[PDB]
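Q: What follows is target.pdb, made up of PDB, N, CA and C atoms:
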```pdb
MODEL        1
ATOM      1  N   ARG A   1       3.572 -54.287  11.608
ATOM      2  CA  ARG A   1       4.712 -53.568  10.992
ATOM      3  C   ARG A   1       5.933 -54.476  10.866
ATOM      4  N   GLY A   2       6.047 -55.456  11.753
ATOM      5  CA  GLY A   2       7.139 -56.408  11.675
ATOM      6  C   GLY A   2       8.409 -55.893  12.322
ATOM      7  N   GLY A   3       8.953 -54.819  11.768
ATOM      8  CA  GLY A   3      10.172 -54.237  12.292
ATOM      9  C   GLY A   3      10.930 -53.481  11.223
ATOM     10  N   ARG A   4      11.298 -54.190  10.167
ATOM     11  CA  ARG A   4      11.968 -53.582   9.029
ATOM     12  C   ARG A   4      11.239 -53.949   7.743
ATOM     13  N   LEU A   5      10.978 -52.955   6.914
ATOM     14  CA  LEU A   5      10.248 -53.165   5.674
ATOM     15  C   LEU A   5      11.127 -52.822   4.485
ATOM     16  N   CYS A   6      11.356 -53.797   3.623
ATOM     17  CA  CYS A   6      12.215 -53.597   2.470
ATOM     18  C   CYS A   6      11.387 -53.658   1.193
ATOM     19  N   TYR A   7      11.396 -52.569   0.440
ATOM     20  CA  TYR A   7      10.617 -52.478  -0.784
ATOM     21  C   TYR A   7      11.533 -52.373  -1.995
ATOM     22  N   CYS A   8      11.418 -53.331  -2.896
ATOM     23  CA  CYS A   8      12.221 -53.333  -4.103
ATOM     24  C   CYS A   8      11.344 -52.978  -5.295
ATOM     25  N   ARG A   9      11.719 -51.934  -6.016
ATOM     26  CA  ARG A   9      10.920 -51.462  -7.131
ATOM     27  C   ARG A   9      11.764 -51.389  -8.398
ATOM     28  N   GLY A  10      11.849 -52.501  -9.106
ATOM     29  CA  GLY A  10      12.611 -52.536 -10.335
ATOM     30  C   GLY A  10      14.084 -52.772 -10.085
ATOM     31  N   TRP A  11      14.900 -51.757 -10.330
ATOM     32  CA  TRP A  11      16.340 -51.879 -10.136
ATOM     33  C   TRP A  11      16.796 -51.052  -8.942
ATOM     34  N   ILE A  12      15.854 -50.723  -8.074
ATOM     35  CA  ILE A  12      16.150 -49.993  -6.853
ATOM     36  C   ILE A  12      15.349 -50.574  -5.693
ATOM     37  N   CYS A  13      16.026 -50.886  -4.604
ATOM     38  CA  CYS A  13      15.358 -51.442  -3.443
ATOM     39  C   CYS A  13      15.835 -50.761  -2.170
ATOM     40  N   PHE A  14      14.885 -50.269  -1.395
ATOM     41  CA  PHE A  14      15.181 -49.561  -0.163
ATOM     42  C   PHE A  14      14.476 -50.244   1.001
ATOM     43  N   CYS A  15      15.037 -50.131   2.187
ATOM     44  CA  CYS A  15      14.463 -50.781   3.348
ATOM     45  C   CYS A  15      14.522 -49.856   4.556
ATOM     46  N   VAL A  16      13.411 -49.753   5.273
ATOM     47  CA  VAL A  16      13.318 -48.850   6.411
ATOM     48  C   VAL A  16      13.001 -49.609   7.699
ATOM     49  N   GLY A  17      13.666 -49.221   8.775
ATOM     50  CA  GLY A  17      13.438 -49.838  10.063
ATOM     51  C   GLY A  17      12.894 -48.849  11.070
ATOM     52  N   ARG A  18      12.098 -49.336  12.008
ATOM     53  CA  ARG A  18      11.469 -48.469  12.992
ATOM     54  C   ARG A  18      11.964 -48.798  14.392
TER      55      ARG A  18
ENDMDL
END
```
Spell out the structure here as structure tokens.
A:
Amino acid sequence: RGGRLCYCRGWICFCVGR
């Protein structure tokens, strides 16, 4: 899982941390 996952999809990018 790493820790924080940032997903960028086009002109919007969100990132979630656990």
Q: Can you find the residues with an atom no farther than 6.5 Å from (10.2, -49.1, 13.1), counting all atoms listed in the file, and report them as a PyMOL selection string?
A: chain A and resi 3-4+16-18
Q: Write out as a list in words the set of residues from chain A that DSSP, computed on the backbone, places in strand (DSSP E or B).
A: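 Answer for chain A restricted to strand (DSSP E or B) is residues 4, 5, 6, 7, 8, 13, 14, 15, 16 and 17 of chain A.
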Q: Just write the chosen residues, N, CA and C atoms, as a compact mmCIF listing (two decimals), in the frame of the given file.
A:
```
# COMPACT_ATOMS: atom_id res chain seq x y z
N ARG A 4 11.30 -54.19 10.17
CA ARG A 4 11.97 -53.58 9.03
C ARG A 4 11.24 -53.95 7.74
N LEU A 5 10.98 -52.96 6.91
CA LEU A 5 10.25 -53.16 5.67
C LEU A 5 11.13 -52.82 4.49
N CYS A 6 11.36 -53.80 3.62
CA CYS A 6 12.22 -53.60 2.47
C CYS A 6 11.39 -53.66 1.19
N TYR A 7 11.40 -52.57 0.44
CA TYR A 7 10.62 -52.48 -0.78
C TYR A 7 11.53 -52.37 -2.00
N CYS A 8 11.42 -53.33 -2.90
CA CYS A 8 12.22 -53.33 -4.10
C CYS A 8 11.34 -52.98 -5.30
N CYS A 13 16.03 -50.89 -4.60
CA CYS A 13 15.36 -51.44 -3.44
C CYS A 13 15.84 -50.76 -2.17
N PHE A 14 14.88 -50.27 -1.40
CA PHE A 14 15.18 -49.56 -0.16
C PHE A 14 14.48 -50.24 1.00
N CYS A 15 15.04 -50.13 2.19
CA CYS A 15 14.46 -50.78 3.35
C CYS A 15 14.52 -49.86 4.56
N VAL A 16 13.41 -49.75 5.27
CA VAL A 16 13.32 -48.85 6.41
C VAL A 16 13.00 -49.61 7.70
N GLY A 17 13.67 -49.22 8.78
CA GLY A 17 13.44 -49.84 10.06
C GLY A 17 12.89 -48.85 11.07
```
Q: To one decimal place, how far is atom N of residue 13 (chain A) from CA of residue 1 (chain A) in Å?
A: 19.5 Å
Q: Can you list, as a list in words, every protein, DNA or RNA residue that comes within 6 Å of residue 15 (chain A) when you count only C-alpha atoms, leaving out same-chain residues fewer than 6 positions away?
A: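 So, after excluding close chain neighbours, the residues are residues 5, 6 and 7 of chain A.
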Q: Set up a box along x, y and z of the file covering all listed atoms of region 3-15 of chain A, add 3 Å on every one of the six sides, and write the centre and edge lengths in Å to one decimal, as JSON.
A:
```
{"center_x": 12.9, "center_y": -52.2, "center_z": 1.0, "size_x": 13.8, "size_y": 11.3, "size_z": 28.6}
```
